[PDB]
Amino acid sequence: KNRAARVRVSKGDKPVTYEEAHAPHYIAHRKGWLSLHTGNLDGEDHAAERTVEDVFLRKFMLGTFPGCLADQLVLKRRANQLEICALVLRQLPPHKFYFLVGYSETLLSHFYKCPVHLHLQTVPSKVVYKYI
Amino acid sequence: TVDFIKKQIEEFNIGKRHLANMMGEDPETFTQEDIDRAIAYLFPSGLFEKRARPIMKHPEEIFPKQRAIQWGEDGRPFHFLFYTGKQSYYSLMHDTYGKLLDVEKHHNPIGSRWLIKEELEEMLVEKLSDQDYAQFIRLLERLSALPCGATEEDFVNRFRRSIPXXXXXXXXXXXXXXXXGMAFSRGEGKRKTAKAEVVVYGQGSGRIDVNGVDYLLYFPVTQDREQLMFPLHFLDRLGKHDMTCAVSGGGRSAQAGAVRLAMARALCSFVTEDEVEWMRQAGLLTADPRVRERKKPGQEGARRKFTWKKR
Amino acid sequence: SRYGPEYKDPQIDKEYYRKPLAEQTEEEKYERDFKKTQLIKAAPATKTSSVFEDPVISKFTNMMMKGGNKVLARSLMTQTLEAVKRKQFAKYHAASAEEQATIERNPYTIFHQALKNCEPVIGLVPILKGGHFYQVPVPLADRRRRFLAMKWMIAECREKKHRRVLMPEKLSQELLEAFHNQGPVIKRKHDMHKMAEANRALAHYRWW
Amino acid sequence: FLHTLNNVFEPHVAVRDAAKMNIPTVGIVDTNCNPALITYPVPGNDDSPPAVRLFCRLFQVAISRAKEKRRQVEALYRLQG
Amino acid sequence: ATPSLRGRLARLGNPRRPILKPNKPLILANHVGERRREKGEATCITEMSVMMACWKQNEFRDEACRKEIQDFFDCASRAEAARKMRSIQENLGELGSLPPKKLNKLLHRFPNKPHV
RNA sequence: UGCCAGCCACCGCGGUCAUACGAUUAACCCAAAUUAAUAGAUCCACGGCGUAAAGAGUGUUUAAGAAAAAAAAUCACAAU
RNA sequence: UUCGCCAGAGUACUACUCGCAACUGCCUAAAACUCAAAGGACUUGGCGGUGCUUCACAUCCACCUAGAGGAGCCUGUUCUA
RNA sequence: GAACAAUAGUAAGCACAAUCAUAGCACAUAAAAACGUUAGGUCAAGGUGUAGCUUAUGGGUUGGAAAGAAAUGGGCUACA
Ligand SMILES: [Mg+2]
Ligand SMILES: [Mg+2]
Ligand SMILES: [Mg+2]
Ligand SMILES: [Mg+2]
Ligand SMILES: [Mg+2]
Ligand SMILES: [Mg+2]
Ligand SMILES: [Mg+2]
Ligand SMILES: [Mg+2]
Ligand SMILES: [Mg+2]
Ligand SMILES: [Mg+2]
Ligand SMILES: [Mg+2]
Ligand SMILES: [Mg+2]
Ligand SMILES: [Mg+2]
Ligand SMILES: [Mg+2]
Ligand SMILES: [Mg+2]
Ligand SMILES: [Mg+2]
Ligand SMILES: [Mg+2]
Ligand SMILES: [Mg+2]
Ligand SMILES: [Mg+2]
Ligand SMILES: [Mg+2]
Ligand SMILES: [Mg+2]
Ligand SMILES: [Mg+2]
Ligand SMILES: [Mg+2]
Ligand SMILES: [Mg+2]
Ligand SMILES: [Mg+2]
Ligand SMILES: [Mg+2]
Ligand SMILES: [Mg+2]
Ligand SMILES: [Mg+2]
Ligand SMILES: [Mg+2]
Ligand SMILES: [Mg+2]
Ligand SMILES: [Mg+2]
Ligand SMILES: [Mg+2]
Ligand SMILES: [Mg+2]
Ligand SMILES: [Mg+2]
Ligand SMILES: [Mg+2]
Ligand SMILES: [Mg+2]
Ligand SMILES: [Mg+2]
Ligand SMILES: [Mg+2]
Ligand SMILES: [Mg+2]
Ligand SMILES: [Mg+2]
Ligand SMILES: [Mg+2]
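Protein chains in written order, with the numbering used here: chain P, 236 to 367; chain R, -14 to 296; chain H, 113 to 320; chain X, 4 to 84; chain A, 3 to 118.
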């Protein structure tokens, strides 16, 4: 029985995000990729760096934006700039949201020594794909 | 849920305009065919399952049909069969049986099939049981069993469908070369890592050339030359035709077989329309579906397994 | 099995196709055949329309092939047919006119004969009863019998030669001796027959 | 109920159930049937087609007359107002 | 006629002493017993024996008797086709009665009543 | 502390995370008494007897009782 | 309407008594002690060297092929060190 | 808690099935395969609840290990 990245069947009441409801064998069939970069294509270099980098930005966004994160965080790399999209729940009063926008962009840009672009799409409640 | 359909169809049209104006087409002749190209170019998802790819479509194809309101605002139900829990089914049944009865008082292989179970389920907007379906179709046989009136025939036509069947080996028109003014036919066989192309000239010396060398030299294995001989010995043309050949990939038997297929394909221009069905039943023109099977991990040979131990 | 059950076998004989016009039920039948839009198998590479193809020789050819060598088995067979041929020519020219009328010079007729003559009529199957295995007399279906003959010839001329002796030669000897019924192969067939005769009582046990 | 039975010759569920739900019940008992849960029985032959037809058309008519009379008294109600 | 059941069974009323002690209650069941598959005997045994005798007298030269042998194979083909035919024969039933499926539907249509 | 030391009227608790042991901490309830022990009062059946404990291997009579009217007809035949 | 019988389970168709053509017998028939049960019927499972039907499609049997167990070596356990 | 000439079952969900992949079909293979079961495997991938260690059950440097009486599992190469 494969336990990989899966969400078990409950008494049937458990709310589930579209992503967490689609099991590993489904990648590239229904589900998409959470990140995008050149590094894994045939002739390409430095895949590892974009992986460490990605991981750290998962943890970073989960920690800078407490309790307000909706679904897993969507990274794109385009021509040396990062485009970080987030689905974010509405909890915070908007001031704090922009505080953290500036905070994040600046901090990251100076950490990875490349320009970062941030996008928050705000959602009233976690989207429910199944059950509920 | 009907308010949703009104709203959705409105926004669908507004978004339709919005699509045309950006995509730069006349909003009038814009089709679904164009809708597809449009989204496909705007939101290019490589994804294997095609339902999970982006869609903008008329809500009717998007959403399932609904069962309408089944009772007035007094609580009182419209249809008299409502309490059967399937009105949709038993209405068809009442009507069908009525048709039958009237037929009995009055009376004193085109590729046509009955609906599937799923199609009657779509027609009545009603879940069905196998038994139920079977019952009904049985009844339609009873209907066909008697003298068929006009409205009787229309009635059973509702539940009629029609299916295509196509069998012919597709016949290439020949090709007359400009150089000698002579006719040739160029076949392509493919077997098992090996493709071959064979040009067959209609007036031969019996000459058969392979990759620029003679066929005896290129197939020192007798078996192969026999395989080659098959189509020509079949059609009794053995000396009559002159073939040029180019084959690549795989090992010798695979090659000889590819040439078999390609040749037998290029030989159906110069043969009679009747001998074609023979070459089919000889199995000459049908590819070999047989290929190597991938090893599986934790096994040996795709089938062969590591020796299993009871203790 | 990359063929679904939808794909029926090819019928490869040419005489069938060229001359239909005198046969009604067969006209009906092959009409049904292609008209059915019947998906039909790509004909095998071993089966050819060659006028020279004897299916029995093919089977026996295969059963001699170790590993994947068609080439080698083909060659050994070819050399066996050849060897018998020349050996029978040698018997012919060294003989008297009467025996010249007698002698078979066709290696093929010699082969079908030497196999017809080596095939057992009955064979044994073990039956478990009350703890013991009894070997009981079973009538056999033809193809199993053919197989038993061929298997026996091959196993016999494989096993018991002295290593300086090539296969095609010994095989030829066994073929020509089995022709005259004096060969060890037939000793084997006979030990089958005898074992069946000794156990004949037990032919009650078998229920099918 | 124009028959009180199921084709397996037990009492039809609907009897137990109507009776269970506080619905009144009017049905034709036959010599084999059990009347006791039925609100208003009519003892009588369920099997012969003249009988079924008769009972049918009668309940039919009672219905029709009730409906007509309803309509009428509604019209009179409308004139009185 | 059906054997009298009066006074047979041990009951409170009965002044007599018991006759039948049923293992299972005497009631017609709804369903019917499923068909009993028949077993086989040894097939062909005769020709087998005759052909044995032949080889015994003839010192086991198969060429000496063609007759016993060909009749033996005649029997083998009659046997095999008898098995194929008894496999497709399932329309047999009782040959004048109905297969136990039919009986069982039919019996569910006019069931037997213990209760009420 | 670790099936050890121990506890319980019944069911039970202790084998490494014990609200049952021993000791704390809070509570509970009685209270010039409180628990433990042992005797009582109380406690079966005007209920049962196919499978649960219980219809005796069988008949007749004594003793003792209970009582409207009908209550000896025949072997479908194998008591002794 | 009567009579006969039953007050947890063992202990116990037993020990002692009484009577009998029995003298390893029959009948009548306890207590110490031990336990918190002992019993009847049922319910789903599981199981069955029960019975019946239907299968096994590399699969039990019959059958086909190629190997393991023997030899050298590689390499992993288990033991001795 | 079923019988379809139907006798108390209805039910969205997750499984199977369906579709995807193996570059067109088809079959085949791949994948998938719930709920539970075996207190099955792994505190040495990592992370943790409970416990222990803290001038050491911590952290470093230098060497040293992996010998065969056998017994056996799987392979490789043979016996021509
Ligand atoms: Mg698995
Ligand atoms: Mg292999
Ligand atoms: Mg009596
Ligand atoms: Mg008695
Ligand atoms: Mg019993
Ligand atoms: Mg101890
Ligand atoms: Mg503790
Ligand atoms: Mg306590
Ligand atoms: Mg305490
Ligand atoms: Mg006091
Ligand atoms: Mg009392
Ligand atoms: Mg009772
Ligand atoms: Mg008792
Ligand atoms: Mg007692
Ligand atoms: Mg008694
Ligand atoms: Mg007495
Ligand atoms: Mg007694
Ligand atoms: Mg008196
Ligand atoms: Mg009285
Ligand atoms: Mg007692
Ligand atoms: Mg006794
Ligand atoms: Mg005694
Ligand atoms: Mg006494
Ligand atoms: Mg096997
Ligand atoms: Mg198995
Ligand atoms: Mg070996
Ligand atoms: Mg070995
Ligand atoms: Mg170790
Ligand atoms: Mg050691
Ligand atoms: Mg596809
Ligand atoms: Mg498939
Ligand atoms: Mg798998
Ligand atoms: Mg699936
Ligand atoms: Mg364990
Ligand atoms: Mg284990
Ligand atoms: Mg750890
Ligand atoms: Mg910890
Ligand atoms: Mg250290
Ligand atoms: Mg070191
Ligand atoms: Mg060994
Ligand atoms: Mg090997």
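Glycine residues also receive a C-beta, built at the ideal position from the N, C-alpha and C atoms.
In the DSSP assignment, what residue or residues form a beta bridge with residue i?
i	result
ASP194/R	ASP199/R, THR229/R
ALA181/R	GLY174/R, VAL232/R
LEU322/P	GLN356/P
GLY30/X	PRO44/X
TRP56/R	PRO62/R
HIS274/H	Its beta-bridge partners do not exist; DSSP assigns none.
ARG146/R	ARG98/R
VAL251/P	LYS365/P
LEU271/P	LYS311/P
Where does residue i fall in DSSP's three states?
i	result
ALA130/R	coil
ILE152/H	strand
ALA272/R	coil
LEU236/H	strand
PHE291/R	coil
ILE262/P	strand
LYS299/H	helix
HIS305/H	helix
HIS281/P	coil
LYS361/P	coil
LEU288/H	helix
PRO280/H	helix
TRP99/R	strand
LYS280/R	coil
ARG36/R	coil
Considering only their Cβ atoms, is the gap separating residue j from residue i smaller than 7 Å?
i	j	result
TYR366/P	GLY247/P	yes
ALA258/P	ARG241/P	yes
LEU324/P	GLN356/P	no
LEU252/R	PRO216/R	yes
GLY172/R	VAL183/R	yes
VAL196/H	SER284/H	yes
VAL233/H	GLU268/H	no
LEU227/H	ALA261/H	yes
Is it the case that the CB of residue i approaches a heavy atom of ligand 2 more closely than 6 Å?
i	result
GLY283/R	no
Is any heavy atom in ligand 4 found nearer than 6 Å to the beta carbon of residue i?
i	result
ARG10/A	no
**Prompt:** the region 122 to 138 of chain H: which residues have C-beta closer than 7 Å to a C-beta of chain R, in chain order?
**Reply:** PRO122, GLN123, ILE124, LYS126, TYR129
**Item:** Positions along the region 39 to 50 of chain A whose CB lies within less than 8 Å of some CB in chain H
**Value:** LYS41, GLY42, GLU43, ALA44, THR45, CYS46, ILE47, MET50
**Item:** Interface residues of the region 273 to 287 of chain R facing chain H [CB-CB below 9 Å]
**Value:** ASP273, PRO274, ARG275, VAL276
**Contact set between the region 25 to 37 of chain R and chain P, restricted to residues whose Cβ is under 9 Å from the partner** = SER30, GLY31, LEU32, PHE33, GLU34, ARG36, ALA37
**Request:** Mind checking the region 205 to 237 of chain R against chain H and listing, in chain order, the residues whose C-beta falls within less than 8 Å of any C-beta there?
**Result:** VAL206, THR207, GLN208, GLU211, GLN212, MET214, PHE215, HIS218, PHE219
**Message:** At a CB distance below 8 Å, what residues from the region 65 to 90 of chain A approach chain H? Give them in sequence order.
**Reply:** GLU65, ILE71, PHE74, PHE75, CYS77, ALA78, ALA81, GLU82, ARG85
**Request:** Compile a chain-ordered list of the residues in the region 101 to 113 of chain A whose CB is closer than 7 Å to at least one CB of chain X.
**Result:** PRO113
**Request:** Could you list the residues in the region 252 to 282 of chain H with a C-beta less than 9 Å from some C-beta on chain A, going in chain order?
**Result:** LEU252, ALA253, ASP254
**Request:** Closer than 8 Å, Cβ to Cβ, to anything on chain R: give me those residues from the region 267 to 278 of chain P, in chain order.
**Result:** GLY267
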